[PDB]
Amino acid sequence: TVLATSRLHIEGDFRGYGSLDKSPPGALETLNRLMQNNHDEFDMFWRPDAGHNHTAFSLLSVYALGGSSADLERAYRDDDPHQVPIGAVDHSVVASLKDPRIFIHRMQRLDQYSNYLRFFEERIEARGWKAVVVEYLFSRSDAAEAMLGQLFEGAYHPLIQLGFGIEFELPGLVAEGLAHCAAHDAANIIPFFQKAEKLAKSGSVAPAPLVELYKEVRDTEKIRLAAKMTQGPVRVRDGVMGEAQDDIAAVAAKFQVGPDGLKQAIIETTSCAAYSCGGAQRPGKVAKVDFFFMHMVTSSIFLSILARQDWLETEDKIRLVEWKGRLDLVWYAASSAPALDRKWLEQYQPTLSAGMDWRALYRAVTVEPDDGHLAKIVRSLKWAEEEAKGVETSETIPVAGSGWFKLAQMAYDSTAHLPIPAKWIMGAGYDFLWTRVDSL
């Protein structure tokens, strides 16, 4: 039977966090047609490692930046390589997923995406998306505890997809995100999250500023060297978690948010992620933004969005930000914990984006051939400027003020007019990766 939940209709004025210019007429109709095509025709996974379908991310971000029909069509065509036929649904498997032990049991299998999608669509059709999200992520059942770890998998893709669903209140997109969450292959980050949290709640770990926990990861050789350059997409599973799970778990336990600390913890995690991106530069090299640090920033807007949901307890909002901050330390370690310096973003001189404001940068991003990350990072950075309105740089907040837009300029300048593989450096701490980066 056709579910109402399967129909993605964005309607009304809402155009997204950090939006500036309204998309011109005709864009909304293009957005709905293409989001619906992507939803019905394509899987969430097009290859085993780094194979997340970005189509929904690229469309919704280009809409938020005020792109027209033609820009959304570019976004869709640019992600053609992301778009493979959606898996056949097994309807007896879908019926069985009502049992929480069969649910848990089939988790972390990529070929299950379509089964979990149909399941979550049926469940949302019956209870609505708010009820289902609390039930499957935040209710501390066994299923929900495993789904919460899964939410951060793949450098934050499930969180990002669920985040988009919640931001635009799209039931079918919330369903895609939950299904993505359930099906994502495991990087052995769940025990990192359990160990760090058990340590944090023990009463015997004093909290420290996140910026000092980045420093400790870099300065602890066993953690810094756990990841290997040529492990590529499995650095976290086979390197950071393989060699140093307990060690990084004891560091991450020091990141602890008090009951009145939610907004500052979002600003703290977002500032340190932006600081990763902008501060991991090398003398004599052009500016490049690390691909992983870029996901640490692109994911950050969705923390801000979950933080503002009426249907979610403040305890559950604080937990989300704790876990994201902690895993940002793992992604830092996975890029070989490069030396960070505030001087690079402070001193950065824009090139292609020199003299633009946010409105002109947004316009330039809407037309730029890209898989969606450029649009995602400039929007998270404009939003970060709003979230952290009035906050200045300090010992704990390393990027603020004009730094947010300066990073956006560096992401545009260092990425525009390049093929996708040349855009983002795949681990800023690995010296060899800089031999393939232009000198000054």
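Just count from 1 along the sequence shown to find any residue number.
When the C-alpha B-factors of 64 to 72 and 394 to 402 are averaged, 394 to 402 comes out higher. Of the two stretches examined, 151 to 159 and 302 to 310, the record assigns the greater average C-alpha temperature factor to 302 to 310.
Taking only the listed residues 128, 338, 278, 239, the entry reports the highest CA temperature factor at 128. Within the selection 328, 290, 78, 316, the deposited Cα B-factor values reach their highest point at 316.
Annotation for residue 33: C-alpha temperature factor in the middle third relative to the rest of the modelled chain, per the entry.
Residue 122: CA B factor lies in the highest third for its chain, per the PDB record. Residue 14: CA B factor lies in the highest third for its chain, per the PDB record.
The deposited CA B-factor of residue 420 belongs to the highest third of values across its chain. In the deposited entry, the Cα temperature factor of residue 102 sits in the top third of values across the chain's modelled residues.
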